[PDB]
Amino acid sequence: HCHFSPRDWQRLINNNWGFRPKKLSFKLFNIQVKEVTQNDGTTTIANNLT
Amino acid sequence: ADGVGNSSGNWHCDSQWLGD
């Protein structure tokens with residue numbers, strides 16, 4: 001369920017006698033590091049580009 | 001020589017054992 005969808009799963013299982021994985025690709029991007037400051041009941045979040 | 005959002009160098013550590 002972290003890969004397929006209910007429609008895709010139903011389509012796969014209603015027409016096939018088997019399956020198996022072949023290839024894998026993985027990507028990490030749009031990364032932001034955010035600093036947090038606490039001085040009272042409130043909290044502030046700021047960007048930290050470095 | 002880069003900007004503020006590009007990292008210089010990486011974290012290597014480890015060790016390699018060669019023949020000699």
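Residues numbered from 1 in each chain as written, not as in the entry; some residues may be left out. Chains lettered and ligands numbered in written order. Part of a larger assembly, values for the part shown. Heavy atoms only, no water.

Method information in the entry identifies cryo-EM as the source of the structure, with 3.10 Å recorded as the resolution.

*Asks:* For this particular structure, what's the right way to read the overall build of chain A?
*Replies:* From N to C terminus, chain A includes one helix and two strands. When its helices and strands are written in sequence order, chain A yields α-β-β. The globule rule puts the C-alpha radius of gyration for 50 residues at 10 Å, and the 22 Å found for chain A is more than 25% above it. Along the first, second and third principal axes, the C-alpha set of chain A runs to 60 × 25 × 10 Å. Looking at the 50 residues of chain A, the share that counts as buried comes to 2%. (Helix = DSSP H or I, 4+ residues; strand = E, 2+ residues; numbered from the N terminus. Rg over C-alpha atoms; globule rule 2.2 N^0.38 Å. Buried < 20%, exposed > 50% of the residue type's maximum accessible area, 1.4 Å probe, protein only.)

*Asks:* Honestly, unusual backbone geometry in this entry has me stumped. Any pointers?
*Replies:* Apart from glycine, the bulk of residues carry a negative phi angle, and the bulk of peptide bonds sit in the trans form. In this structure, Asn-30 of chain A is a non-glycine residue whose phi angle is positive, near 50°. By the element assignment, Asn-30 of chain A lies in the loop between α1 (6-13) and β1 (34-38). Unlike most non-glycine residues, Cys-13 of chain B shows phi in positive territory, near 45°.

*Asks:* When you look at the pairing of strand β2 (residues 43-47) of chain A in this model, what are you seeing that I'm missing?
*Replies:* Regular strands place their side chains on alternate faces of the sheet. All names here are of chain A. Inspection of the sheet shows β1 paired to β2 by five bridges, in the antiparallel sense. Pairing of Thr-37 across the sheet is with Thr-44, part of β2. Counted along the chain from β1 to the antiparallel partner β2, the turn is four residues long. (Pairing = 2+ DSSP bridges.)

*Asks:* For this particular structure, what's the right way to read the environment of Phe-29 of chain A?
*Replies:* All names here are of chain A. Tracing the backbone shows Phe-29 in the loop between α1 and β1. A relative accessible area of 49% means that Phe-29 is categorised as partly exposed. Measuring from C-alpha to C-alpha, the distance between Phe-29 and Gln-10 comes to 31 Å, with 19 residues separating the pair along the chain.

*Asks:* Got a minute to help me understand the layout of surface pockets in this structure?
*Replies:* The gaps left among the atoms become clear once a water-sized probe is rolled over them. By volume, the largest pocket amounts to about 230 Å³. Lining the largest pocket are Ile-31, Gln-32, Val-33, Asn-47, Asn-48, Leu-49 and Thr-50 of chain A together with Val-4, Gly-5, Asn-6 and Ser-7 of chain B. Taken together, the residues that form the lining of the largest pocket break down as four nonpolar, seven polar and no charged. (1 Å grid on protein atoms, 1.4 Å probe; cavity = no way out; pocket = protein on both sides within 12 Å on 5 of 7 lines; lining within 4 Å. Points joined across faces, edges and corners; volume = space filled by probe spheres on them. Nonpolar A, V, L, I, M, F, W, Y, C, P; charged D, E, K, R; others polar.)

*Asks:* Which parts of the structure should I look at to understand the environment of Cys-2 of chain A?
*Replies:* Residues and elements named next belong to chain A. Inspection of the secondary structure puts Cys-2 in the segment before α1. By relative accessible area, which is 71% here, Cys-2 ends up exposed. Counting along the chain gives 22 residues from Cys-2 to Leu-24, while the straight-line C-alpha distance between them is 14 Å.

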